[PDB]
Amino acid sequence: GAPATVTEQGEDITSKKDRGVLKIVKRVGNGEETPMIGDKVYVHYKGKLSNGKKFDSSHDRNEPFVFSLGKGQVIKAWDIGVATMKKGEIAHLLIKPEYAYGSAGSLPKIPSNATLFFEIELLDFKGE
């Protein structure tokens, strides 16, 4: 399903073109602006290890997930991927460990060398 679809069909949005972050737009957003470093960004997300174990979602907290883009508050892949999204867009990202939690991982939630999958909906973003 979704992770394999991104493997097969996703755009490589990395500067190095190492397939570290692959993206499919699932629902098109509105407007010309995309988030820039420093912006406060508001999202809903569903995430999981690509091996389907551990499913984490903002809905569990009954509240949007808010972060500042580029401020080291989220994994590199989010900084890269959310900067490509329009307001209202829903996208799927598939992420190699070098753009997430690497060889160390982040136990107990994230093992070493983990590939991650997210669905992200961009709700809003505001300038610092």
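Numbering starts at 1 and follows the sequence shown.
> Look up the CA B-factors in the entry and say which stretch, 103-111 or 12-20, has the higher mean.
Per the PDB entry, the higher value belongs to 103-111.
> Hey, which bit's got the bigger mean C-alpha B factor in the entry, 31-39 or 67-75?
Stretch with the greater average CA B-factor: 31-39.
> Taking the Cα B-factors listed in the entry, which of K46, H92, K53, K96 comes out highest?
That would be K53, according to the entry.
> Should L123 be placed in the lowest, middle or highest third of its chain by the C-alpha B factor in the entry?
Top third by C-alpha B-factor.
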